[PDB]
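Analysis of the macromolecular model
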Amino acid sequence: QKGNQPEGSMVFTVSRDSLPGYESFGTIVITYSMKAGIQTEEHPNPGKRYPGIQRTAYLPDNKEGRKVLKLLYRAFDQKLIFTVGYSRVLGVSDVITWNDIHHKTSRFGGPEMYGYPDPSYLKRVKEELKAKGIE
Amino acid sequence: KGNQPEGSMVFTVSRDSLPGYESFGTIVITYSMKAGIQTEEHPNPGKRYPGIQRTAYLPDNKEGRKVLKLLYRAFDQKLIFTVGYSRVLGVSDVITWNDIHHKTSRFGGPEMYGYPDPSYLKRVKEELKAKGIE
């Protein structure tokens, strides 16, 4: 239902250029700009500061991509796109992290590079949103 | 020449404007950097670092396009990123910027690494000149 995402903003814009696998369409560019803050009782280490982050994600500008954009706005409103805590790979804590809804942060390079082509990505991200009760 | 990890730099444009640069579009630069193993040119040779993805923004005006061309040269000369200490993460052994500052937000001004910031394009050109890209 409702998460512990930091304060911040979500905006988007579009480019006429295409993503691999979606050559008939332009590209949605989502920018998240999240503020530095102090962990609340809603976070794993209350009282400890965390820095802000900035992240950009990409979607094809087609009916399905715009539906996912709408669902991501819903998740952002429900404070579910990001959380604060441990970041698995580096094993650092007290940082802003993603929250199990994967975003393509590269245009190209396929899944190895968190980019396109990735023909099942839109289906996968919808599954991840549904797991948060967002459909 | 620097010691930037393997990776790619691409750009595209949006018709929407950045604060302070009304009636020009927005250049969107995407950097896609591969995980790797530190070389002898890095601070901890032999240690692995994970890949990163970063997007940066510039106004699509004359000055912004000049900066884009210079950033392409810097990327070609392996100077945009390095591997080392990140104060944000509080660790080293990660892919970091290399003292060529990028705006990773559209909005929110300097505190958010975004626009408006009337002195940014001058600053980034100076930082490029410091690496001999001019």
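Residues numbered from 1 in each chain as written, not as in the entry; some residues may be left out. Chains lettered and ligands numbered in written order. Heavy atoms only, no water. Residues with missing side-chain atoms left out of burial classes, pairs and counts.

In its metadata, the entry names X-ray crystallography as the structure determination method and reports 1.70 Å as the resolution.

1. Structural notes on the overall build of chain B
Of regular secondary structure, chain B possesses two helices and seven strands. Listed N to C, the secondary structure of chain B is β-β-β-β-β-α-β-β-α in terms of helices and strands. Taken over the C-alpha trace, chain B has a radius of gyration of 15 Å; the compact-globule value for 134 residues is 14 Å, and the two agree within 12%. Principal-axis analysis of the C-alpha atoms gives chain B an extent of 50 × 30 × 25 Å. In chain B, the share of contacts with a sequence separation of at least 24, taken over all contacts with a separation of at least 6, comes to 59%. (Helix = DSSP H or I, 4+ residues; strand = E, 2+ residues; numbered from the N terminus. Rg over C-alpha atoms; globule rule 2.2 N^0.38 Å. Contact = heavy atoms within 4.5 Å.)

2. Points about a nonpolar patch on the surface
Residue and element names in this part refer to chain A. Judged by side-chain polarity, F12, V14 and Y73 come together as a nonpolar surface patch covering roughly 230 Å² of accessible area. On the secondary structure map, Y73 appears in helix 1 (residues 63-77). Judged by relative accessible area, which is 31%, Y73 ranks as partly exposed. (Patch = residues over 30% accessible without salt bridge, like charges linked within 9 Å, V, L, I, M, F, W, Y side chains within 5 Å. Areas by Shrake-Rupley, 256 points an atom, 1.4 Å probe, with all protein chains shown as cover. Salt bridge = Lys/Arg side-chain N within 4 Å of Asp/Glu carboxyl O. Buried < 20%, exposed > 50% of the residue type's maximum accessible area, 1.4 Å probe, protein only.)

3. Side note on the interface of chain A and chain B
Contact with chain A, which involves 28 residues of that partner, is made by 28 residues of chain B. Elements with a minimum of two residues in the side of chain A that touches chain B: strand 1 (8-15), strand 2 (26-34), strand 5 (53-61) and strand 7 (92-98) of chain A. In terms of residues, the side of chain A that touches chain B owes the most to one element, strand 1 of chain A, which gives five residues. In the side of chain A that touches chain B, the residues fall into 14 nonpolar, nine polar and five charged. (Nonpolar A, V, L, I, M, F, W, Y, C, P; charged D, E, K, R; others polar.)

4. Comments concerning the packing of helix 1 (residues 62-76) of chain B against helix 2 (residues 120-130) of chain B
Residue and element names in this part refer to chain B. Between helix 1 and helix 2, the shortest axis-to-axis distance is 11 Å and the interhelical angle comes to 30°. In terms of axis orientation, helix 1 runs roughly parallel to helix 2. Helix 2 is crossed by helix 1, and the crossing has left-handed handedness. Listed contacts from helix 2 to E63, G64, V67, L70, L71 and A74 of helix 1 are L121, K122, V124, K125 and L128. Class assignment for the residues of the contact of helix 1 with helix 2 results in seven nonpolar, one polar and three charged. (Axes fitted to C-alpha atoms, helices over the stretch in contact; angles between N-to-C directions. Parallel < 35°, antiparallel > 145°, perpendicular 65-115°, else oblique. Left-handed = near helix turned anticlockwise from the far one by under 90°.)

5. Digging into the side chain of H103(A)
All names here are of chain A. The topology assignment puts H103 in the loop between strand 7 and helix 2 (121-130). Side-chain polar atoms of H103 contact the side chain of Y32, separated by 2.8 Å. Among the polar contacts listed, one links the side chain of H103 to the backbone oxygen of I101, at a separation of 2.9 Å. What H103 contacts, discounting residues up to four positions off in sequence, is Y32, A57, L72, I81, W98 and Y121. (Polar contact = N/O pair within 3.5 Å; in protein donor to acceptor, adjacent residues only side chain to side chain.)

6. Notes on the pairing of strand 7 (residues 91-97) of chain B
Taken residue by residue, a regular strand's side chains alternate between the two faces of the sheet. All names here are of chain B. Here five bridges tie strand 6 (residues 81-86) to strand 7, and the two strands are oriented antiparallel to one another. Bridging from a neighbouring strand, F81 pairs with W97 of strand 7. Once strand 6 ends, the chain turns through four residues before running back antiparallel as strand 7, passing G90 with a positive phi of about 70°. (Pairing = 2+ DSSP bridges.)

7. Digging into the packing of helix 1 of chain A against helix 2 of chain A
Residues and elements named next belong to chain A. Two elements in contact, helix 1 and helix 2, have axes separated by 11 Å at closest approach and are oriented at 25°. The angle between helix 1 and helix 2 places the two elements in the roughly parallel class. Of the two elements, helix 1 crosses helix 2, and the hand of that crossing is left-handed. Residues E64, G65, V68, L71, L72 and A75 of helix 1 form the contact with helix 2, whose participating residues are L122, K123, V125, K126 and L129. The class makeup of the residues in the contact of helix 1 with helix 2 is seven nonpolar, one polar and three charged.

8. Details of the nonpolar core
Core analysis: the largest hydrophobic core is formed by 62 residues, its most contacted members being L59(A), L72(A), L58(B) and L71(B). Apart from the residues lying within four places of it in its own chain, the contact partners of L59(A) are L19(A), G26(A), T27(A), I28(A), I30(A), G65(A), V68(A), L69(A), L72(A), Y116(A), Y121(A) and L122(A). (Core = buried A, V, L, I, M, F, W, Y, C linked by side-chain atoms within 4.5 Å.)

9. Overview of the sheet that holds strand 5 of chain A
All names here are of chain A. Sheet architecture is open: three strands sit in the order 1-2-5, paired in antiparallel fashion. The two strands at the open ends of the sheet, each matched to only one other strand, are strand 1 and strand 5. Direction aside, neighbouring strands of the sheet carry axes that sit 20° apart on average. Bridge count for strand 1 against strand 2 is eight bridges, and the pairing is antiparallel. Bridge pairing links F12 to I30 in strand 2.

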